[PDB]
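As provided, protein20.pdb (PDB, C-alpha atoms) reads as follows.
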ATOM      1  CA  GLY A   1    -128.142  62.546 -87.848  1.00  0.00           C
ATOM      2  CA  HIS A   2    -128.161  65.251 -90.567  1.00  0.00           C
ATOM      3  CA  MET A   3    -124.298  65.536 -90.569  1.00  0.00           C
ATOM      4  CA  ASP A   4    -123.876  68.679 -92.749  1.00  0.00           C
ATOM      5  CA  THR A   5    -127.129  69.501 -94.579  1.00  0.00           C
ATOM      6  CA  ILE A   6    -128.218  72.792 -96.122  1.00  0.00           C
ATOM      7  CA  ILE A   7    -132.019  73.190 -95.922  1.00  0.00           C
ATOM      8  CA  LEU A   8    -134.129  75.351 -98.247  1.00  0.00           C
ATOM      9  CA  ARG A   9    -137.480  77.076 -97.595  1.00  0.00           C
ATOM     10  CA  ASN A  10    -140.092  79.240 -99.331  1.00  0.00           C
ATOM     11  CA  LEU A  11    -140.352  76.986-102.397  1.00  0.00           C
ATOM     12  CA  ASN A  12    -143.626  77.691-104.274  1.00  0.00           C
ATOM     13  CA  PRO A  13    -146.184  74.909-104.934  1.00  0.00           C
ATOM     14  CA  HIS A  14    -145.584  74.841-108.742  1.00  0.00           C
ATOM     15  CA  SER A  15    -141.757  74.810-108.524  1.00  0.00           C
ATOM     16  CA  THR A  16    -139.517  71.750-108.978  1.00  0.00           C
ATOM     17  CA  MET A  17    -135.869  70.835-108.322  1.00  0.00           C
ATOM     18  CA  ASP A  18    -134.781  71.126-111.948  1.00  0.00           C
ATOM     19  CA  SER A  19    -136.181  74.691-112.069  1.00  0.00           C
ATOM     20  CA  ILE A  20    -134.471  75.743-108.809  1.00  0.00           C
ATOM     21  CA  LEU A  21    -131.262  73.949-109.922  1.00  0.00           C
ATOM     22  CA  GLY A  22    -131.049  76.506-112.785  1.00  0.00           C
ATOM     23  CA  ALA A  23    -131.504  79.807-110.884  1.00  0.00           C
ATOM     24  CA  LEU A  24    -130.367  78.888-107.342  1.00  0.00           C
ATOM     25  CA  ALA A  25    -126.862  77.737-108.432  1.00  0.00           C
ATOM     26  CA  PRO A  26    -124.491  80.682-109.212  1.00  0.00           C
ATOM     27  CA  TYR A  27    -121.622  79.648-106.887  1.00  0.00           C
ATOM     28  CA  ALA A  28    -121.971  75.825-106.972  1.00  0.00           C
ATOM     29  CA  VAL A  29    -124.280  73.487-108.899  1.00  0.00           C
ATOM     30  CA  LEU A  30    -125.596  70.294-107.243  1.00  0.00           C
ATOM     31  CA  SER A  31    -126.352  67.128-109.247  1.00  0.00           C
ATOM     32  CA  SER A  32    -129.883  65.940-108.304  1.00  0.00           C
ATOM     33  CA  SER A  33    -129.941  63.288-105.514  1.00  0.00           C
ATOM     34  CA  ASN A  34    -128.552  66.152-103.382  1.00  0.00           C
ATOM     35  CA  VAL A  35    -131.749  68.189-103.676  1.00  0.00           C
ATOM     36  CA  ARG A  36    -134.578  66.477-101.800  1.00  0.00           C
ATOM     37  CA  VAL A  37    -137.747  68.394-102.739  1.00  0.00           C
ATOM     38  CA  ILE A  38    -140.427  66.211-101.121  1.00  0.00           C
ATOM     39  CA  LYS A  39    -143.723  66.472-103.118  1.00  0.00           C
ATOM     40  CA  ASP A  40    -147.403  65.563-102.348  1.00  0.00           C
ATOM     41  CA  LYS A  41    -149.353  62.871-104.353  1.00  0.00           C
ATOM     42  CA  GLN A  42    -152.891  64.252-104.231  1.00  0.00           C
ATOM     43  CA  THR A  43    -152.204  67.935-104.794  1.00  0.00           C
ATOM     44  CA  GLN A  44    -149.132  67.341-107.040  1.00  0.00           C
ATOM     45  CA  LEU A  45    -147.351  70.181-105.137  1.00  0.00           C
ATOM     46  CA  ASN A  46    -144.059  70.317-103.164  1.00  0.00           C
ATOM     47  CA  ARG A  47    -143.702  70.400 -99.356  1.00  0.00           C
ATOM     48  CA  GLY A  48    -142.217  73.927 -99.711  1.00  0.00           C
ATOM     49  CA  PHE A  49    -138.899  73.211 -97.936  1.00  0.00           C
ATOM     50  CA  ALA A  50    -136.071  71.019 -99.344  1.00  0.00           C
ATOM     51  CA  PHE A  51    -132.732  69.464 -98.279  1.00  0.00           C
ATOM     52  CA  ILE A  52    -129.266  69.552 -99.923  1.00  0.00           C
ATOM     53  CA  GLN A  53    -127.047  66.570 -99.046  1.00  0.00           C
ATOM     54  CA  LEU A  54    -123.310  67.342 -99.462  1.00  0.00           C
ATOM     55  CA  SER A  55    -119.951  66.072 -98.136  1.00  0.00           C
ATOM     56  CA  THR A  56    -118.739  66.706 -94.533  1.00  0.00           C
ATOM     57  CA  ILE A  57    -117.085  70.079 -95.393  1.00  0.00           C
ATOM     58  CA  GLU A  58    -118.718  70.920 -98.753  1.00  0.00           C
ATOM     59  CA  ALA A  59    -122.119  71.725 -97.206  1.00  0.00           C
ATOM     60  CA  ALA A  60    -120.369  74.016 -94.694  1.00  0.00           C
ATOM     61  CA  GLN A  61    -118.164  75.677 -97.385  1.00  0.00           C
ATOM     62  CA  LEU A  62    -120.990  76.324 -99.878  1.00  0.00           C
ATOM     63  CA  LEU A  63    -123.292  77.718 -97.183  1.00  0.00           C
ATOM     64  CA  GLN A  64    -120.663  80.110 -95.710  1.00  0.00           C
ATOM     65  CA  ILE A  65    -120.211  81.533 -99.252  1.00  0.00           C
ATOM     66  CA  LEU A  66    -123.987  82.263 -99.373  1.00  0.00           C
ATOM     67  CA  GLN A  67    -123.940  83.909 -95.903  1.00  0.00           C
ATOM     68  CA  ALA A  68    -121.389  86.561 -96.963  1.00  0.00           C
ATOM     69  CA  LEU A  69    -122.903  88.099-100.133  1.00  0.00           C
ATOM     70  CA  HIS A  70    -126.034  89.250-102.071  1.00  0.00           C
ATOM     71  CA  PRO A  71    -129.481  87.817-101.115  1.00  0.00           C
ATOM     72  CA  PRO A  72    -130.857  84.637-102.750  1.00  0.00           C
ATOM     73  CA  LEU A  73    -132.856  84.606-105.972  1.00  0.00           C
ATOM     74  CA  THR A  74    -136.415  83.669-106.928  1.00  0.00           C
ATOM     75  CA  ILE A  75    -137.595  81.253-109.641  1.00  0.00           C
ATOM     76  CA  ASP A  76    -141.426  81.902-109.357  1.00  0.00           C
ATOM     77  CA  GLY A  77    -141.873  85.127-107.300  1.00  0.00           C
ATOM     78  CA  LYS A  78    -140.796  83.556-103.959  1.00  0.00           C
ATOM     79  CA  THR A  79    -137.394  84.584-102.549  1.00  0.00           C
ATOM     80  CA  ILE A  80    -135.718  81.380-101.272  1.00  0.00           C
ATOM     81  CA  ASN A  81    -134.386  80.994 -97.680  1.00  0.00           C
ATOM     82  CA  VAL A  82    -131.283  79.048 -96.605  1.00  0.00           C
ATOM     83  CA  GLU A  83    -130.950  77.023 -93.369  1.00  0.00           C
ATOM     84  CA  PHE A  84    -128.161  74.898 -91.915  1.00  0.00           C
ATOM     85  CA  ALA A  85    -128.738  71.788 -89.762  1.00  0.00           C
ATOM     86  CA  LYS A  86    -125.176  70.729 -88.979  1.00  0.00           C
ATOM     87  CA  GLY A  87    -126.423  68.113 -86.481  1.00  0.00           C
ATOM     88  CA  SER A  88    -123.382  65.788 -86.377  1.00  0.00           C
TER      89      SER A  88
END

For this file, write the structure as structure tokens.
Amino acid sequence: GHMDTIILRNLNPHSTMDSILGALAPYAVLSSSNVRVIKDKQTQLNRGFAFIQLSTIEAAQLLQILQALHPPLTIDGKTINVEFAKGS
């Protein structure tokens, strides 16, 4: 049960969490365990989506901010996408 999770999309192969955590964090800044970028082992690439684990209301708050203002950024030449799986 995802219970307040922001999802990300459109992550490039070469990107990593620590890169995104610089230029995807104007409003709020996660720590690190929050930002699940799954990565391959053979290709040494990402899976291209990610997950942001936050508190019961914090996920919801942060996301609503992002759904009311300028479009998201890029950190490689790929404009990120935001999703919300509030499956409680």

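When all atoms listed in the file are used to compute distances to residue A:48, the closest of the residues A:80, A:3, A:23, A:62 turns out to be A:80.
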
Pick out the residues sitting within 9 Å of stretch 12-14 of chain A, and hand them over as a list in words; count all atoms listed in the file, and ignore anything fewer than 2 positions along from it in its own chain.
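Neighbouring residues, sequence-local ones excluded: residues 10, 16, 39, 44, 45, 46, 47, 48, 75, 76, 77 and 78 of chain A.
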
Hey, what's within 12 Å of residue A:24 if we count only C-alpha atoms and toss same-chain stuff fewer than 2 positions away? As a ChimeraX atom specification, please?
/A:8,11,16-22,26-30,35,52,66,71-76,78-82

Could you turn the residues from that selection into a file that holds C-alpha atoms, as a PDB file, in the frame of the given file?
ATOM      1  CA  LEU A   8    -134.129  75.351 -98.247  1.00  0.00           C
ATOM      2  CA  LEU A  11    -140.352  76.986-102.397  1.00  0.00           C
ATOM      3  CA  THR A  16    -139.517  71.750-108.978  1.00  0.00           C
ATOM      4  CA  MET A  17    -135.869  70.835-108.322  1.00  0.00           C
ATOM      5  CA  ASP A  18    -134.781  71.126-111.948  1.00  0.00           C
ATOM      6  CA  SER A  19    -136.181  74.691-112.069  1.00  0.00           C
ATOM      7  CA  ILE A  20    -134.471  75.743-108.809  1.00  0.00           C
ATOM      8  CA  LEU A  21    -131.262  73.949-109.922  1.00  0.00           C
ATOM      9  CA  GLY A  22    -131.049  76.506-112.785  1.00  0.00           C
ATOM     10  CA  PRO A  26    -124.491  80.682-109.212  1.00  0.00           C
ATOM     11  CA  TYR A  27    -121.622  79.648-106.887  1.00  0.00           C
ATOM     12  CA  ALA A  28    -121.971  75.825-106.972  1.00  0.00           C
ATOM     13  CA  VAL A  29    -124.280  73.487-108.899  1.00  0.00           C
ATOM     14  CA  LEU A  30    -125.596  70.294-107.243  1.00  0.00           C
ATOM     15  CA  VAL A  35    -131.749  68.189-103.676  1.00  0.00           C
ATOM     16  CA  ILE A  52    -129.266  69.552 -99.923  1.00  0.00           C
ATOM     17  CA  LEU A  66    -123.987  82.263 -99.373  1.00  0.00           C
ATOM     18  CA  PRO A  71    -129.481  87.817-101.115  1.00  0.00           C
ATOM     19  CA  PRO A  72    -130.857  84.637-102.750  1.00  0.00           C
ATOM     20  CA  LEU A  73    -132.856  84.606-105.972  1.00  0.00           C
ATOM     21  CA  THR A  74    -136.415  83.669-106.928  1.00  0.00           C
ATOM     22  CA  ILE A  75    -137.595  81.253-109.641  1.00  0.00           C
ATOM     23  CA  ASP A  76    -141.426  81.902-109.357  1.00  0.00           C
ATOM     24  CA  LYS A  78    -140.796  83.556-103.959  1.00  0.00           C
ATOM     25  CA  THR A  79    -137.394  84.584-102.549  1.00  0.00           C
ATOM     26  CA  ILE A  80    -135.718  81.380-101.272  1.00  0.00           C
ATOM     27  CA  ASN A  81    -134.386  80.994 -97.680  1.00  0.00           C
ATOM     28  CA  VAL A  82    -131.283  79.048 -96.605  1.00  0.00           C
TER      29      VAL A  82
END

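Atom pair atom CA of residue A:63 / atom CA of residue A:5 has a distance of 9.4 Å (rounded to one decimal).
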
Picked residues, the PyMOL selection byres ((chain A and resi 37) around 6), as a PyMOL selection string
chain A and resi 36+38+50

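Atom to atom, atom CA of residue A:1 and atom CA of residue A:84 stand 13.0 Å apart.
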
Could you state the separation of atom CA of residue A:54 and atom CA of residue A:69 in Å, given to one decimal place?
20.8 Å

Once the PyMOL selection byres ((chain A and resi 88) around 9) has been applied to the shown file, what residues remain in the selection, as number ranges by chain?
A: 1-4, 85-87
